[PDB]
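*Asks:* Take this structure first; my questions come after.
Chains as they are written, first to last, in the deposited numbering: chain C, 447 to 495; chain A, 348 to 396.
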């Protein structure tokens with residue numbers, strides 16, 4: 447299998463045309479405020495194929 | 348009830364209260380697969396089971 451290729455799955459807002467963004471900020475998906483820690487409330491914006 | 352005899356309820360004519368779900372600490376899993384948990388409150392449905 448191959449898992450070296452990833453894509454962005456969460457973002458606070460949609461991209462404008464020809465924008466580019468590489469930040470790995472922890473999106474506050476869950477009800478509690480994320481403070482630099484992962485969990486069931488906080489997810490990483492990137493997922494692999 | 349017994350697992351081979353699992354229990355069922357039809358629900359209708361009611362206003363969902365997802366706040367309890369989002370606030371729940373005790374659950375081992377709360378996960379929706381057909382629609383995202385943020386898109387719940389603004390969708391309406393004709394039955395729920």
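Virtual Cβ for every residue (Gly too), placed ideally from N, Cα, C.
1) Along the alpha helix (DSSP H) that carries residue 369(A), what are the first and last residues, could you check?
2) In the structure shown, what three-state DSSP assignment does residue 453(C) receive?
3) Can you give me the start and stop residues for the beta strand (DSSP E) that residue 492(C) sits inside?
4) Tell me the rounded alpha-carbon separation between residue 478(C) and residue 487(C).
5) By how many angstroms is the C-alpha of residue 495(C) removed from the C-alpha of residue 449(C)?
6) Let me know the secondary structure DSSP gives residue 362(A) once reduced to three states.
7) Are residue 380(A) and residue 355(A) touching if we call contact CB-CB under 8 Å?
*Replies:* Taking the coordinates as given:
1) Sequence index remark: in the second chain, residue 369(A) carries index 22 (1-based). Residues 365-370.
2) Along the first chain, one-based indexing puts residue 453(C) at 7. Residue 453(C): strand per DSSP, three-state reduction.
3) Numbered from 1 along the first chain, position 46 holds the residue referred to as residue 492(C). Element bounds for residue 492(C): 492-494.
4) In the first chain, counting from the first residue as 1, residue 478(C) sits at position 32. In the first chain, counting from the first residue as 1, residue 487(C) sits at position 41. Rounded to the nearest angstrom, the two C-alpha atoms are 7 Å apart.
5) Translated into positions along the first chain, residue 449(C) becomes position 3. Translated into positions along the first chain, residue 495(C) becomes position 49. One C-alpha to the other measures close to 6 Å.
6) For this step, residue 362(A) is matched to residue 15 along the second chain. Of the three classes helix, strand and coil, the one that applies to residue 362(A) here is coil, per DSSP.
7) Here residue 380(A) refers to the residue found at position 33 when the second chain is read from its first residue. Here residue 355(A) refers to the residue found at position 8 when the second chain is read from its first residue. Contact: no.
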